[PDB]
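Pasted below: data_33.tsv, TSV, C-alpha atoms.
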```
chain	number	residue	atom	x	y	z
A	11	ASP	CA	-30.85	-20.67	14.28
A	12	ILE	CA	-28.17	-18.99	12.14
A	13	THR	CA	-24.43	-19.84	11.86
A	14	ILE	CA	-21.40	-17.56	11.42
A	15	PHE	CA	-18.64	-20.12	10.90
A	16	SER	CA	-18.34	-22.85	8.26
A	17	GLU	CA	-17.04	-26.32	9.27
A	18	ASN	CA	-13.36	-25.55	8.49
A	19	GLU	CA	-13.50	-22.09	10.13
A	20	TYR	CA	-15.18	-23.65	13.22
A	21	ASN	CA	-12.38	-26.22	13.66
A	22	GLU	CA	-9.54	-23.72	13.12
A	23	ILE	CA	-11.05	-21.24	15.63
A	24	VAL	CA	-11.49	-24.06	18.19
A	25	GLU	CA	-7.71	-24.68	17.91
A	26	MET	CA	-7.09	-20.88	18.22
A	27	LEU	CA	-9.19	-20.74	21.42
A	28	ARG	CA	-7.20	-23.69	22.82
A	29	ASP	CA	-3.84	-22.03	21.98
A	30	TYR	CA	-5.16	-18.77	23.48
A	31	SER	CA	-5.98	-20.43	26.83
A	32	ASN	CA	-2.57	-22.15	26.92
A	33	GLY	CA	-0.12	-19.46	25.85
A	34	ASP	CA	1.14	-16.59	28.02
A	35	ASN	CA	0.31	-13.02	26.95
A	36	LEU	CA	-1.87	-14.18	24.04
A	37	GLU	CA	-4.90	-12.07	23.14
A	38	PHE	CA	-8.00	-13.22	21.24
A	39	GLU	CA	-9.86	-10.57	19.27
A	40	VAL	CA	-12.72	-10.41	16.78
A	41	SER	CA	-12.39	-7.25	14.68
A	42	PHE	CA	-15.45	-5.89	12.84
A	43	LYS	CA	-14.66	-4.33	9.48
A	44	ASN	CA	-16.24	-1.25	7.90
A	45	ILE	CA	-17.68	0.39	11.01
A	46	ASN	CA	-18.69	3.96	10.11
A	47	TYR	CA	-19.85	7.00	12.14
A	48	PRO	CA	-23.57	6.07	12.40
A	49	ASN	CA	-22.57	2.51	13.48
A	50	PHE	CA	-20.20	4.04	16.07
A	51	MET	CA	-23.01	6.22	17.46
A	52	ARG	CA	-25.51	3.36	17.65
A	53	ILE	CA	-23.07	0.93	19.35
A	54	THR	CA	-21.80	3.47	21.95
A	55	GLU	CA	-25.32	4.66	22.84
A	56	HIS	CA	-26.62	1.05	23.04
A	57	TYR	CA	-24.01	-0.11	25.56
A	58	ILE	CA	-23.69	3.13	27.64
A	59	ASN	CA	-27.42	2.97	28.42
A	60	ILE	CA	-27.58	-0.67	29.57
A	61	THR	CA	-24.11	-1.54	30.94
A	62	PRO	CA	-23.59	-1.00	34.71
A	63	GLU	CA	-21.30	1.99	35.46
A	64	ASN	CA	-18.46	-0.08	36.98
A	65	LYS	CA	-18.30	-2.22	33.81
A	66	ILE	CA	-17.76	0.87	31.59
A	67	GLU	CA	-14.20	2.14	31.00
A	68	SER	CA	-13.60	5.35	28.99
A	69	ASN	CA	-10.06	6.32	27.85
A	70	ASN	CA	-8.48	9.02	25.64
A	71	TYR	CA	-4.90	8.12	24.62
A	72	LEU	CA	-2.08	8.30	22.08
A	73	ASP	CA	-0.57	5.09	20.69
A	74	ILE	CA	2.92	5.44	19.20
A	75	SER	CA	3.81	2.34	17.24
A	76	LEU	CA	7.44	1.67	16.24
A	77	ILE	CA	7.32	-0.89	13.44
A	78	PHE	CA	10.64	-2.76	13.10
A	79	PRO	CA	11.94	-4.47	9.88
A	80	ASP	CA	10.91	-7.90	11.26
A	81	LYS	CA	7.28	-6.56	11.23
A	82	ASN	CA	7.02	-6.66	15.05
A	83	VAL	CA	5.91	-3.60	17.03
A	84	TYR	CA	7.04	-1.67	20.11
A	85	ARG	CA	3.97	0.34	21.14
A	86	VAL	CA	3.85	3.12	23.72
A	87	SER	CA	0.51	4.43	24.99
A	88	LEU	CA	0.35	7.89	26.62
A	89	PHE	CA	-2.72	8.46	28.83
A	90	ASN	CA	-1.85	11.82	30.40
A	91	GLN	CA	-3.59	14.47	28.25
A	92	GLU	CA	-0.92	17.11	28.96
A	93	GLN	CA	1.97	14.75	28.06
A	94	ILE	CA	0.16	13.96	24.76
A	95	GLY	CA	0.01	17.71	24.03
A	96	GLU	CA	3.68	18.20	25.01
A	97	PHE	CA	4.75	15.26	22.81
A	98	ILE	CA	2.84	16.61	19.79
A	99	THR	CA	4.27	20.14	20.28
A	100	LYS	CA	7.91	19.15	20.96
A	101	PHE	CA	8.14	16.51	18.20
A	102	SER	CA	6.13	18.02	15.29
A	103	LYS	CA	9.34	18.96	13.40
A	104	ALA	CA	11.48	16.01	14.57
A	105	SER	CA	12.79	13.13	12.42
A	106	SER	CA	11.62	9.51	12.81
A	107	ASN	CA	15.05	8.63	14.29
A	108	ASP	CA	14.78	11.38	16.96
A	109	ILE	CA	11.19	10.36	17.82
A	110	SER	CA	12.10	6.63	17.98
A	111	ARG	CA	15.08	7.41	20.29
A	112	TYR	CA	12.79	9.27	22.70
A	113	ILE	CA	10.02	6.61	22.53
A	114	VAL	CA	12.32	3.76	23.66
A	115	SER	CA	13.76	5.97	26.42
A	116	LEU	CA	10.35	6.22	28.12
A	117	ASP	CA	9.83	4.12	31.23
A	118	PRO	CA	6.50	2.35	32.05
A	119	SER	CA	4.11	3.87	34.62
A	120	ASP	CA	0.35	4.28	35.28
A	121	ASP	CA	0.15	6.92	32.52
A	122	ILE	CA	2.61	5.17	30.16
A	123	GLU	CA	1.77	1.64	28.98
A	124	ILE	CA	4.36	-0.25	26.91
A	125	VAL	CA	3.76	-3.42	24.90
A	126	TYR	CA	5.81	-5.50	22.46
A	127	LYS	CA	3.54	-7.00	19.79
A	128	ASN	CA	4.93	-10.19	18.26
A	129	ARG	CA	3.11	-10.20	14.91
A	130	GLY	CA	5.06	-13.30	13.85
A	131	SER	CA	3.03	-15.33	16.36
A	132	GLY	CA	-0.11	-13.92	14.75
A	133	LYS	CA	-2.88	-16.23	13.58
A	134	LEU	CA	-5.47	-14.49	11.41
A	135	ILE	CA	-8.74	-15.91	9.99
A	136	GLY	CA	-11.12	-13.83	7.89
A	137	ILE	CA	-14.84	-14.68	7.69
A	138	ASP	CA	-15.62	-13.10	4.29
A	139	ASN	CA	-19.40	-13.47	4.57
A	140	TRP	CA	-19.60	-11.56	7.88
A	141	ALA	CA	-16.89	-8.89	7.37
A	142	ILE	CA	-15.01	-9.93	10.51
A	143	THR	CA	-11.51	-11.06	11.32
A	144	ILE	CA	-10.61	-13.49	14.12
A	145	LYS	CA	-7.11	-12.83	15.46
A	146	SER	CA	-4.83	-14.23	18.13
A	147	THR	CA	-1.57	-12.34	18.80
A	148	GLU	CA	1.13	-12.24	21.49
A	149	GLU	CA	1.33	-8.93	23.31
A	150	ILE	CA	4.02	-8.78	26.00
A	151	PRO	CA	3.45	-5.96	28.54
A	152	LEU	CA	6.68	-4.31	29.64
A	153	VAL	CA	5.90	-3.13	33.17
A	154	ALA	CA	7.78	-1.65	36.16
A	158	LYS	CA	14.84	-5.17	34.20
A	159	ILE	CA	13.24	-4.12	30.87
A	160	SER	CA	15.19	-5.24	27.78
A	161	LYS	CA	14.14	-2.88	24.98
A	162	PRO	CA	14.67	-3.44	21.22
A	163	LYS	CA	17.55	-1.64	19.51
A	164	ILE	CA	16.92	1.41	17.32
A	165	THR	CA	18.80	1.03	14.01
A	166	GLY	CA	17.13	3.89	12.12
A	167	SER	CA	14.98	1.79	9.77
A	168	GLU	CA	11.87	1.90	12.00
A	169	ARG	CA	8.53	3.18	10.67
A	170	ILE	CA	6.23	5.12	13.02
A	171	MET	CA	2.42	5.16	13.14
A	172	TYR	CA	0.46	7.45	15.46
A	173	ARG	CA	-3.07	6.68	16.61
A	174	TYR	CA	-5.08	9.05	18.84
A	175	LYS	CA	-7.88	7.00	20.37
A	176	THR	CA	-11.13	7.77	22.23
A	177	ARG	CA	-12.06	4.28	23.45
A	178	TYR	CA	-15.20	3.04	25.21
A	179	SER	CA	-14.82	-0.45	26.70
A	180	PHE	CA	-17.82	-2.49	27.93
A	181	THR	CA	-17.44	-5.66	30.00
A	182	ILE	CA	-20.57	-7.54	28.92
A	183	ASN	CA	-19.78	-10.58	31.13
A	184	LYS	CA	-16.85	-12.21	32.95
A	185	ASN	CA	-15.13	-13.49	29.78
A	186	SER	CA	-15.86	-10.83	27.16
A	187	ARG	CA	-15.41	-7.13	26.42
A	188	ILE	CA	-16.68	-4.89	23.61
A	189	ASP	CA	-14.19	-2.19	22.56
A	190	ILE	CA	-15.52	0.64	20.40
A	191	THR	CA	-12.99	3.27	19.31
A	192	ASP	CA	-12.92	6.63	17.47
A	193	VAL	CA	-9.38	6.56	15.98
A	194	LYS	CA	-7.34	9.30	14.30
A	195	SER	CA	-4.49	7.58	12.41
A	196	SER	CA	-1.48	9.19	10.74
A	197	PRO	CA	2.30	8.68	10.22
A	198	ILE	CA	2.68	12.49	10.61
A	199	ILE	CA	2.36	14.09	14.12
A	200	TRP	CA	1.05	17.64	13.43
A	201	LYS	CA	-1.66	16.24	11.10
A	202	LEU	CA	-2.98	13.58	13.52
A	203	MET	CA	-5.58	15.51	15.58
A	204	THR	CA	-7.28	16.83	12.39
A	205	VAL	CA	-7.32	13.74	10.09
A	206	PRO	CA	-10.82	12.14	9.50
A	207	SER	CA	-11.71	9.50	12.12
A	208	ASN	CA	-11.84	5.78	11.34
A	209	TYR	CA	-13.93	3.54	13.60
A	210	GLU	CA	-12.86	0.30	15.20
A	211	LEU	CA	-15.02	-2.32	16.90
A	212	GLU	CA	-13.76	-5.46	18.60
A	213	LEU	CA	-14.98	-8.30	20.81
A	214	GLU	CA	-12.00	-9.07	23.07
A	215	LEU	CA	-11.83	-12.16	25.26
A	216	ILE	CA	-10.71	-11.95	28.89
A	217	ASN	CA	-10.82	-15.78	29.23
A	218	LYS	CA	-11.38	-18.69	26.81
A	219	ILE	CA	-15.00	-19.50	25.94
A	220	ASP	CA	-16.71	-22.21	23.93
A	221	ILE	CA	-16.90	-21.28	20.22
A	222	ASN	CA	-20.71	-21.61	20.37
A	223	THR	CA	-20.77	-18.92	23.10
A	224	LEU	CA	-18.51	-16.82	20.81
A	225	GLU	CA	-21.00	-17.32	17.94
A	226	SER	CA	-23.95	-16.12	20.07
A	227	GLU	CA	-22.03	-13.06	21.32
A	228	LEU	CA	-20.96	-12.10	17.79
A	229	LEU	CA	-24.58	-12.59	16.58
A	230	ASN	CA	-25.73	-10.14	19.30
A	231	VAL	CA	-23.30	-7.46	18.00
A	232	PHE	CA	-24.40	-8.09	14.39
A	233	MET	CA	-28.03	-7.57	15.49
A	234	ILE	CA	-27.15	-4.05	16.76
A	235	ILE	CA	-25.19	-3.18	13.57
A	236	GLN	CA	-27.73	-4.50	11.00
A	237	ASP	CA	-30.39	-2.31	9.36
```
The structure given in the file should be rewritten as structure tokens.
Amino acid sequence: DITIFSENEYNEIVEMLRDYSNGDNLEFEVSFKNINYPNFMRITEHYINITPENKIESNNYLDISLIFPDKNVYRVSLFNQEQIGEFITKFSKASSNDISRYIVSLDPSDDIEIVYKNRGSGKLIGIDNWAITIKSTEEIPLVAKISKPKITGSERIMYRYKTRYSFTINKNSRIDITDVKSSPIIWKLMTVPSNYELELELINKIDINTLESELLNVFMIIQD
């Protein structure tokens, strides 16, 4: 019998879980900090071997994030491997203004996912003793009427090439483990050293005690 949350953290997260179940397009995520390569290998191997095939989703994609002055983000995800290659080749010498103009011109499809991340609605709680962050953010999917944000020329761009493995451990939870190549420069991206991201993403609201037990299970895999 071991606890993750203190009394104040428990009560604040309970309110976050309530807000999550009540608001449209809200996501609830528990991000694990300082995941390195051997952790990545252990986690991926652990879940691939025991998770049923239809509950395993594997995706290679490029996330282009346009960060506006208000700190909000317009993010385009390209899933088609050839379009990723064409984008990298055609825009390697282009300016941020030229790239941003092309990014907002793209229309959503099965290979192109678009989302507007309202970081102002963001609620973030760090659990210092367990190196995790509990976050709830609004992510509005722009699918195929779309009213896109205006390009002024003061946008910052961040590129993230991701190799993601997603495991649906039950009806309300999903483990996302990702090998990420991050860079604000296009031609550098595919060769920059990988950072590793691990998250427990909710599909539906759960009791905080169920959240505690699920997080403890992930910590048990990570720990040496």
Listing only residues of stretch 83-170 of chain A within 12 Å of stretch 200-204 of chain A, what is the closest atom pair and its distance in Å (to one decimal) for each, using all atoms listed in the file, sorted by chain and residue number ascending, as a Markdown table?
```
| residue | atom | partner | partner_atom | distance |
| --- | --- | --- | --- | --- |
| A:94 | CA | A:203 | CA | 10.9 |
| A:95 | CA | A:203 | CA | 10.4 |
| A:96 | CA | A:200 | CA | 11.9 |
| A:97 | CA | A:200 | CA | 10.4 |
| A:98 | CA | A:200 | CA | 6.7 |
| A:99 | CA | A:200 | CA | 8.0 |
| A:100 | CA | A:200 | CA | 10.3 |
| A:101 | CA | A:200 | CA | 8.6 |
| A:102 | CA | A:200 | CA | 5.4 |
| A:103 | CA | A:200 | CA | 8.4 |
| A:104 | CA | A:200 | CA | 10.6 |
```
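Taking atom CA of residue A:108 and atom CA of residue A:205 as the two end points, the separation is 23.3 Å.
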### Query
With all atoms listed in the file as the basis for distance, which of A:124, A:164, A:142, A:109 is at the shortest distance from residue A:212?
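Result for the nearest residue to residue A:212: A:142.
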### Message
Please list as a list in words every residue within 10 Å of residue A:57, counting only C-alpha atoms and excluding residues in the same chain fewer than 6 positions away.
### Response
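Contacts, with the query itself left out: residues 66, 178, 179, 180, 181, 182, 188 and 190 of chain A.
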#### Entry: Proximity to residue A:32 - best of A:145, A:218, A:111, A:65, all atoms listed in the file
A:218
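Among A:192, A:80, A:29, A:22, the residue with the shortest atom-to-atom distance to residue A:176, counting all atoms listed in the file, is A:192.
Each of A:71, A:89, A:140, A:15 was compared to residue A:235 using all atoms listed in the file, and A:140 turns out to be the nearest.
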### Task
Work out how far atom CA of residue A:208 is from atom CA of residue A:79, in Å to one decimal.
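It comes out at 25.9 Å.
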### Query
How far is it from atom CA of residue A:25 to atom CA of residue A:146, in Å with one decimal?
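Pair atom CA of residue A:25 / atom CA of residue A:146 returns 10.8 Å.
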